[PDB]
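Chains as they are written, first to last, in the UniProt record's numbering: chain A, 6 to 560; chain B, 6 to 560; chain C, 6 to 560.
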Amino acid sequence: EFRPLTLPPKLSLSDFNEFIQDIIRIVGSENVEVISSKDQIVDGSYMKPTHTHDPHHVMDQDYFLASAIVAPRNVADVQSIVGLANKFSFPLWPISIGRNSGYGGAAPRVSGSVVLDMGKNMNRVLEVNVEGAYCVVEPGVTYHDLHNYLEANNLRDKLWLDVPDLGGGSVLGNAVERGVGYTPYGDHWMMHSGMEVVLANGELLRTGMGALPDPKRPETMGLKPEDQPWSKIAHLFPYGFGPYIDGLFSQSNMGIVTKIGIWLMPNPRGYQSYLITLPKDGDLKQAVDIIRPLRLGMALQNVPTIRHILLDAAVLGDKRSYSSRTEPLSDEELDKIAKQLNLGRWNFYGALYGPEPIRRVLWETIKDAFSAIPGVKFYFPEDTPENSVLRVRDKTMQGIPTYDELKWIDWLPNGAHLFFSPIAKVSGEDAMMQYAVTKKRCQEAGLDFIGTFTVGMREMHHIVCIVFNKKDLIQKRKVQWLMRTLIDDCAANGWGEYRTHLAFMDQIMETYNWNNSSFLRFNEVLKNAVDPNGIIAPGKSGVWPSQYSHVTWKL
Amino acid sequence: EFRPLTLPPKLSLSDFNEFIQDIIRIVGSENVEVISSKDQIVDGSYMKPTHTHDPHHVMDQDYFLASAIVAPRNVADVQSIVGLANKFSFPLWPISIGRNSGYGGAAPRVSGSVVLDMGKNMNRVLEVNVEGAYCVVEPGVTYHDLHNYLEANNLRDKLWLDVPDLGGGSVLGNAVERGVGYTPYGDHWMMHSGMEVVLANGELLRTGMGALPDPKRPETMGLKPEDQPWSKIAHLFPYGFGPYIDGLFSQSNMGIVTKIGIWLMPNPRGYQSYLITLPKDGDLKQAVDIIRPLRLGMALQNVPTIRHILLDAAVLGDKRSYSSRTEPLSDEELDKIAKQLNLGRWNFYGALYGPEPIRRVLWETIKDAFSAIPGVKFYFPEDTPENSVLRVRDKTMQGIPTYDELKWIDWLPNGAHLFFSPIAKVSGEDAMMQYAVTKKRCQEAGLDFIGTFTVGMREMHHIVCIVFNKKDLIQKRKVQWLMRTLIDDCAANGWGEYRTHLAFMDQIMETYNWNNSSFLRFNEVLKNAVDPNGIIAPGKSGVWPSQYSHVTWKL
Amino acid sequence: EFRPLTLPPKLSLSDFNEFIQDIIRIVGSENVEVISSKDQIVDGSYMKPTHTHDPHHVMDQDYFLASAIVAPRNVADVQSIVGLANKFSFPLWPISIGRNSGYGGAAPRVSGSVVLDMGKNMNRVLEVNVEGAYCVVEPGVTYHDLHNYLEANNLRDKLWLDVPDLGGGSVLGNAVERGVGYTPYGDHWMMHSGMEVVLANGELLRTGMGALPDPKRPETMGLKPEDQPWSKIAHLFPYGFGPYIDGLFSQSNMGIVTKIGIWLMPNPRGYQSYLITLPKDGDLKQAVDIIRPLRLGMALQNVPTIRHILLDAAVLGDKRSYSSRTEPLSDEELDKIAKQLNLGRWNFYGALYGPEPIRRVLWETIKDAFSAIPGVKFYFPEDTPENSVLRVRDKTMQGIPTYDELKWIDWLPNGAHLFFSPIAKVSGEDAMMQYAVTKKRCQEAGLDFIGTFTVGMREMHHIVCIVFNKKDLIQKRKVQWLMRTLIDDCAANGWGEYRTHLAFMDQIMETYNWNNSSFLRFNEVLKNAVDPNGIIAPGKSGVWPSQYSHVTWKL
Ligand SMILES: *Cc1cc2c(cc1C)nc1c(=O)[nH]c(=O)nc-1n2C[C@H](O)[C@H](O)[C@H](O)COP(=O)(O)OP(=O)(O)OC[C@H]1O[C@@H](n2cnc3c(N)ncnc32)[C@H](O)[C@@H]1O
Ligand SMILES: *Cc1cc2c(cc1C)nc1c(=O)[nH]c(=O)nc-1n2C[C@H](O)[C@H](O)[C@H](O)COP(=O)(O)OP(=O)(O)OC[C@H]1O[C@@H](n2cnc3c(N)ncnc32)[C@H](O)[C@@H]1O
Ligand SMILES: *Cc1cc2c(cc1C)nc1c(=O)[nH]c(=O)nc-1n2C[C@H](O)[C@H](O)[C@H](O)COP(=O)(O)OP(=O)(O)OC[C@H]1O[C@@H](n2cnc3c(N)ncnc32)[C@H](O)[C@@H]1O
Ligand SMILES: Cc1ccc(O)c([N+](=O)[O-])c1
Ligand SMILES: Cc1ccc(O)c([N+](=O)[O-])c1
Ligand SMILES: Cc1ccc(O)c([N+](=O)[O-])c1
């Protein structure tokens, strides 16, 4: 194609054309796609995501957007595209699914960048192994896809998938990002083993035991490396020998991932989701403290989650379906909605897995522990209305994907999500302070507070859900202001953020400044050593190649 | 001091002297120690380890040995020593305890290197936190030290330490090496969070949330960075934000570690070790298969271990105390010794943790499962003689360190350990093949086979114990030959090794050659980028700085 | 000499010795002085200042301190010392007087640095010219010295010196720093013309018209450049032709200044100091607003100053001589002390200069303007007790130096000054907000607020006087905390600082970060271009040469 709406820094249209001309010859025109005009700038839907920019844009819609899109047919193409990118110093921005909304979606940090759609063609579930209780996968496999594959193959009785709320995302895309999930296998990054990735220099590289070569059998002769099988231990033990480099690949521009090993929980032989509604707002504090020991003690098995009242209601209804009021709902109004829905001002969803004797025993401990809270009330999914959030999480908590939760994005008219995500201690006092600070700022911006803690062993990801109408420019600015201020306040109180949207990766990296930004400095060193040309996703997590001046690029 | 018995490559005695002269001015003479003569080359004891070379030398005793030794008083000294090392391009080789015997002990890969004794002065238990259920520590803290600290502080009822067999090693030294331990917290590397290390350039760097700075209070003003407190989440969540670099620090020369966060298991409120003796040699196969599901299913909680007959006997007695025979004992003789000691030809030690109802239920499942094996017999520690290996592991399985196990090193006269450690699937067929291959080679070398599997979730570390008399030069050569051959055979069958001795790190790295040694190549890139001068432990895990020619150095 | 208590970064004692050995050969032993021991670390007095470190240390006393001291005999030596410094890459830190206390005194930012005492030998008043109404001077001339020179020469009737509070400082040292003074000639940096300085490369360079060479007369033949006379216009017009580089020399490490032109106010033919006591604390606001127009309108001629009550009392008495209380005095107590001393809660000192008709007219306007304030009261020096602060400033306001003001440093036991100095608008509202913020933080730290505004045309330097006992380590930390917090708060409100102490130049430079620290980046470029080796005062104002890593050095 001819003229992109915008282009990478320091490059002529003459060069873009020779570059794109060459890519089309490689992947064929069916695969390439140049962004020539506004009618191309459509904000999709979660069901059919837009690969050109951020769907949930806090900033201008056309702010971050690609010059083109390119779907490699397979690994060889990636190696090739990468080679061309080096010739032109054209920036790439890889993606498996494009489903990362609330964190910038498919949009690239630096505009005019070519977006590699790793997912379109490399869609394959490469392997599922019952004895090893794991599988292998390409960037294209969403959670739903895997679930079906297990189900078609009747393997669902043998092994369970762990899954985040909405089911559409890339299994590996979410993994590299360290996204959370609900079962005992909830920490996604923790559950991987052996990976494969294309370096900036286009060379292939497996990791961990992935490096020990599978011995040569007559049947495997002549295979290209990307097609060669993995050795037996590759997916069973992550460490390998020597330095453990896998982390360099999480949340970073060090290289493009092509396949990845992921564990799978054997069917536990027992399950029963549950609920415990906390009556008061202040109950958040005692509940957390009651939880701390249950988590360390292994009473609570999976990643449970304390949900705010509005989150469950957002799933059940629009703000309009509850109040004509155009401002943050009052504590009074919040108490009222809970009475309508039968929920507490906070609501703890969780689960039990195992044979009955284990389950019965755990259930006692849990129920007995939470009783210290006046007014607590325990419901099983059966015990609730056929639309309840519980009936839904009951599936999420057992590997069944769904999409019912997107409904909450609809609280305001033109829904658009934006996640603020500070980490917080498994402490009632710390959790209480974080909530208050986040709430007041929200009120200042005119937004309803909404969030959910997701309980890790020694920590909790506090996930603030900023819903906002994507067409009110004023609200957007208030929102940008909201984010930036929240970042600084929590920072000023020991709180970090585990992930964020393109428009703030720079600010958040800056919070990580102990010892004069020593951490970032070490990374850039690794970065430039690995990708001299800064071809791969420059600016991810705030790491900039030497070519990009921090003055022009930071934000 | 004046003249070291050997010196680093490419360096004058004139330079060694100016270098050492300067170090003495920094750390004071009490801290430095030059190796001038043979009387200095004493092979210590496990209780008082030698810092100058390998105690268990398969190779010549004086092969790998330092030019001097230097104990930094604190972090500032390390930064300083490092700075001098760069001026002279003198190679450093860090160590916390020196306890890594069976993997080369305190000896450096490249001879004449200065050995940093990080442990002598930086001995402090920096923190223990009950709510977070973790602690922080300097290189000097051994497992015993921590246990006492917990016990002095009466905290032992609140939190348990995880511990490897012998208790003397460095808590962090073993952690960076990814050493195994017995409780549920057995995977040491997995249990860390937040670290601190000195880069080749001497700059400080915390990691993970360690990077988010603790807000400034009047009390903490003026503190030097190394003395500054960590932010609240630092030890609670390992990921931080951006690339997860911690692995670059495991089994590698990327930098020197100064402190490290480590988790601690809350007292489980229940415990009972157990034993299950497998009668026949061939029972190894079914036992493994019976185990696979129990492990994934969480029936088996901690890292259990299948011990070979001779290992338990070595603890109970010398080969001489069982046979005047100078060659590998026959299967007949092996069957006989088991009858004497009441053990099976294989013996599964493990444990249960939790309230009685959980414990009772698990015990049923386990006992019921293993019964498929004809002749199995279950003993509790009480049910056995007051010297039994079980009475010992009962302590190991609950965080109590010991030293009773060193007795096995004594099988031959001049005991000397050497660990061959291939990883193997949690499969009876795979486990059986690995054992046979390892045994035959052992027989070829005239050595008794001895080993123990240590069961991970999806894998098992097969630990071959090569005992050999450290004074028979012939036996040593047979042993070198043994190792090298075993490395190649297992390689030729998909088997890797998770760790090894200095004399074979090069060979083992070479097994990891998928795609033309792509893995090693990526590392050297990272290496040279990070330490231009190759000052830090060159050759660790086989990674060589550009200065060392692979022709002269590899081995 | 042999061994300095500390040394510059990256340097051997062997090198220090060869370096110092060579300097001694140049300047002779009388001039050099190595710091070998603690007895050398004496905190002097203002009358006999210590050249080795900070007298008023907020930080550890021995924190910032030189390796040695060297007094060049003349310009040639400076050029030479500089040349040696380049060979060794030894850092220099120039100073004229050492009188910069409350900003770190004679101490160097980077420790172990050699301190050039420019003042000892280069002490000469090079010229005084009545028609041009200016003079020329070396680094050694203090204000008192110049005053005497004028007075010996009977020139005092012809021209007046402008002078800061205490009279001991270097006329040029204070000028390059942009220090303030009391007469109409109060802006010191503004009053200079033509300078001379030694570049990092040791080359000489005059500036402005200083560059146009004085034509050659037989009498001036053979003169060395440093001894050559200036052309006629050199001291009369500052701009010269082409880029105006003089500013590169203010508050920066660009080069060492050797002489400098400075204007002198012709005797005005009339003078009368005055006072106006504002009764209430809140009167600060209206007073400022009444002042704004008087300043722009030229009613107020010199740099007047609004003094806080405690400042005048500190001069009159110790906190102990007013209250046994160990904490910040109450507003009540403050009102009481004013009644005792006859002063307002704020007190405006200023002056009139000119023939009587001008003076009479101005006096009316001023008196009439300030009357809008209820309770104001106007005193002439005559109208007050023979110890009054007014009797003192009456001299300061006419070029007469004094030392009476040091008495205020004595408020606490071990007096030690530390200046916080944010700039503020000539507005009652802005001035009021700044005062409140600064006061509350002071109260938080347990310190009495004390300060004085010094009124510029369109702005006011708010000078917060942090007195603190230099031996209470706790108080010191509270103070460090005080400074750092004040810096951030004022920053968060548009307020900058025109100068500061070594321990905070880095933090303050960071406040100046518009557009991604663009300002600092531009400077480092200029820095490294000019001094490749970073020999000259690295870290001044936060500007670091490329050799110093920002991670290790910043603070
Ligand atoms: C709207 C929403 C989002 C959401 C959620 C609930 C709602 C209502 N619940 C989630 C949850 O419980 N846990 C979670 O982690 N995320 C959840 N989200 C956010 C989002 O939907 C998911 O995180 C989703 O998995 C993200 O999208 P996807 O998984 O498809 O990722 P992507 O679009 O490919 O972007 C991935 C990013 O990582 C890097 N990347 C991706 N692929 C590669 C390859 N092959 N190589 C290198 N880097 C890669 C890119 O930087 C890209 O930005
Ligand atoms: C003889 C023996 C050994 C043994 C064992 C049973 C017997 C009878 N059981 C073990 C077990 O159950 N699990 C295990 O991991 N090891 C066991 N061993 C072997 C050995 O005793 C232990 O592994 C022991 O912990 C190792 O010694 P130590 O822990 O003291 O380690 P070290 O002497 O300091 O050497 C550590 C190596 O790692 C690197 N290193 C160490 N400190 C640093 C720092 N600060 N910075 C950077 N790198 C560091 C070095 O490369 C060094 O070689
Ligand atoms: C305690 C105190 C201080 C004070 C004051 C009242 C009291 C009670 N009143 C002052 C006032 O009204 N105005 C003012 O500007 N300062 C006042 N102070 C602070 C201090 O006493 C004076 O500012 C004093 O003039 C500073 O000391 P001095 O003038 O002697 O300066 P120095 O010791 O030489 O340090 C100068 C700095 O500038 C750079 N420098 C100095 N000479 C050179 C040369 N030749 N070349 C290059 N740079 C040079 C150095 O960086 C040095 O740090
Ligand atoms: C809904 C949601 C969004 C982003 C996250 O990171 C997340 N989590 O549990 O980690 C959950
Ligand atoms: C005894 C021993 C020696 C080395 C190891 O690595 C080990 N392990 O369990 O990992 C156990
Ligand atoms: C007393 C004092 C101290 C530092 C200054 O800067 C100052 N000034 O008027 O500029 C006055």
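Even for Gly, the Cβ is constructed at its ideal location relative to N, Cα and C.
Say the cut is 7 Å; is the CB of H313(A) nearer than that to a heavy atom of ligand 4?
In the first sequence, residue 313(A) corresponds to position 308, counting from 1. No, the Cβ of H313(A) stays beyond 7 Å of every heavy atom of ligand 4.
What's the C-alpha gap between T401(A) and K125(A)?
As a working note, residue 401(A) is residue 396 in the first sequence. As a working note, residue 125(A) is residue 120 in the first sequence. About 26 Å.
In angstroms, rounded to a whole number, what distance separates the CA positions of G107(C) and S101(C)?
The residue you call residue 107(C) lines up with position 102 of the third sequence. The residue you call residue 101(C) lines up with position 96 of the third sequence. Straight-line Cα distance between these residues: approximately 16 Å.
Using a 10 Å radius around the Cβ and a threshold of 16 neighbouring Cβ atoms, would you call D373(C) buried or exposed?
Position 368 of the third sequence, counted from the start, is the residue given in the question as residue 373(C). It counts as exposed.
Just to make sure I have the definition right: I need the residues of chain B whose C-beta is within less than 7 Å of the C-beta of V556(C). Which are they?
As a working mapping, residue 556(C) is identified with position 551 in the third sequence. Under the 7 Å cutoff, chain B gives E208.
Taking the alpha-carbon positions, what's the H555(C) to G547(C) distance?
Within the third sequence, residue 555(C) is the residue found at index 550, counting from 1. Within the third sequence, residue 547(C) is the residue found at index 542, counting from 1. Their Cα atoms are separated by approximately 10 Å.
Pull up the distance between the alpha-carbon of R364(B) and that of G275(B), whole angstroms please.
Working through the second sequence from its first residue, we reach residue 364(B) at position 359. Working through the second sequence from its first residue, we reach residue 275(B) at position 270. The straight-line gap from Cα to Cα measures roughly 8 Å.
In this structure, how does DSSP classify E464(B) when only helix, strand and coil are distinguished?
The count along the second sequence starts at 1 and reaches residue 464(B) at position 459. Residue state, collapsed to three classes: strand.
Ligand 8 heavy atom lying under 7 Å from the CB of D122(B)
This structure simply doesn't include ligand 8; it includes ligand 1, ligand 2, ligand 3, ligand 4, ligand 5 and ligand 6 instead.
Cβ atoms of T282(A) and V381(A): under 8 Å apart, would you say?
Taking the first sequence and counting its residues from 1, the one referred to as residue 381(A) is at position 376. Taking the first sequence and counting its residues from 1, the one referred to as residue 282(A) is at position 277. Yes; because the gap between Cβ atoms is below 8 Å, this pair is in contact.
Counting only beta-carbon atoms, is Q256(A) nearer than 8 Å to chain B?
As a first step, residue 256(A) is located in the first sequence; it is residue number 251 there, counting from the start. Cβ-Cβ to chain B under 8 Å: yes for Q256(A).
Are the CB atoms of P54(C) and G110(C) within a distance shorter than 8 Å?
Reading the third sequence from its first residue, position 105 is the one you call residue 110(C). Reading the third sequence from its first residue, position 49 is the one you call residue 54(C). Against a cut-off of 8 Å, the Cβ pair of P54(C) and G110(C) comes out as a contact.
Euclidean distance between Cα positions of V47(C) and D399(C)
For the purposes of this step, residue 47(C) is identified with residue 42 of the third sequence, where counting begins at 1. For the purposes of this step, residue 399(C) is identified with residue 394 of the third sequence, where counting begins at 1. Straight-line Cα distance between these residues: approximately 35 Å.
Taking a Cβ distance cut-off of 8 Å, strictly less, list which residues of the segment 511 to 534 of chain C are near chain A, in chain order.
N520, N521, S522, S523 and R526
Please confirm whether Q485(C) has its beta-carbon closer than 8 Å to some beta-carbon of chain B.
In the third sequence, the residue the question calls residue 485(C) occupies position 480. Look at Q485(C): its C-beta is under 8 Å from a C-beta on chain B.
Give the single residue among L321(A), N352(A), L315(A) and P360(A) whose Cα lies nearest to the Cα of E338(A).
Within the first sequence, the letter at position 333 stands for residue 338(A). Taking only the C-alpha atoms, the option nearest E338(A) is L315(A).
Between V135(A) and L89(A), is the Cβ-Cβ spacing less than 8 Å?
Locating residue 135(A) in the first sequence gives position 130, counting from the first residue. Locating residue 89(A) in the first sequence gives position 84, counting from the first residue. It is not a contact, given that the beta carbons lie outside the stated cut-off.
Answer with buried or exposed for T188(A), where buried requires no fewer than 16 other C-beta atoms within 10 angstroms of its C-beta.
As a position in the first sequence, residue 188(A) is number 183, starting the count at 1. Per the 10 Å Cβ criterion, buried.
Between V484(B) and the rest of its own chain, which residues show a CB-CB distance below 7 Å, the 5 nearest in sequence each way excluded?
Translated into the one-based positions of the second sequence, residue 484(B) becomes position 479. Closer than 7 Å at the Cβ level, and outside the excluded window around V484(B), lie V63, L423, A450, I471 and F473.
Counting beta carbon pairs with one atom in the segment 225 to 240 of chain C and one in the segment 170 to 185 of chain C, are three or more of them shorter than 8 Å?
No, the segment 170 to 185 of chain C is not in contact with the segment 225 to 240 of chain C.
Regarding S393(B) and ligand 4, is the C-beta to nearest heavy atom distance less than 7 Å?
Here residue 393(B) is taken as the residue at index 388 of the second sequence, counted from 1. No, Cβ of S393(B) sits at least 7 Å from all heavy atoms of ligand 4.
Taking 7 Å as the cut-off, is the C-beta of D399(C) nearer than that to any heavy atom in ligand 3?
Residue numbering aside, residue 399(C) sits at position 394 when the third sequence is read from its first letter. Because no heavy atom of ligand 3 lies under 7 Å away, the Cβ of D399(C) does not count as near it: no.
Note the first and the last residue of the continuous alpha helix (DSSP H) segment covering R211(C).
Locating residue 211(C) in the third sequence gives position 206, where the first residue counts as 1. Looking at the DSSP string, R211(C) is not in any alpha helix (DSSP H); the run it does join, the beta strand (DSSP E), is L209 to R211.
Cutting at 8 Å between CB atoms, please list the residues of its own chain near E410(A), excluding the five before and the five after it.
For the purposes of this step, residue 410(A) is taken as the residue at position 405 of the first sequence. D170, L171, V320 and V397, listed in sequence order.
With hydrogens ignored, establish whether the beta-carbon of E410(A) is closer than 7 Å to any heavy atom of ligand 1.
Position 405 of the first sequence, counted from the start, is the residue given in the question as residue 410(A). Flag set: Cβ of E410(A) near ligand 1.
Could you tell me which of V83(C), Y384(C) and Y358(C) sits nearest to residue 561(C), measuring between CA atoms?
In the structure as shown, chain C starts at 6 and stops at 560, and residue 561(C) therefore has no counterpart that could be examined.
Only counting the same chain, and skipping five residues up and downstream in sequence, which positions put a Cβ closer than 7 Å to that of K559(A)?
On the first sequence, residue 559(A) is found 554 positions in, with the first residue counted as 1. Within the same chain, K559(A) has close Cβ partners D511.
Can you list, in chain order, the residues of its chain whose CB lies under 6 Å from that of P284(C), leaving out five sequence neighbours each side?
Along the third sequence, read from residue 1 onward, the residue named residue 284(C) stands at position 279. So the list reads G349 and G380, once near-sequence residues are dropped.
Kindly list the residues whose CB is nearer than 7 Å to the CB of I455(C), restricted to its own chain and excluding five residues on each side of it in sequence; keep chain order.
Numbered from its first residue, the third sequence carries residue 455(C) at position 450. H313, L315, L316, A319, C470 and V472, listed in sequence order.
What would DSSP say about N352(B), mapped onto helix, strand or coil?
Walking along the second sequence from the start, residue 352(B) turns up at place 347. Three-state DSSP puts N352(B) in a strand.
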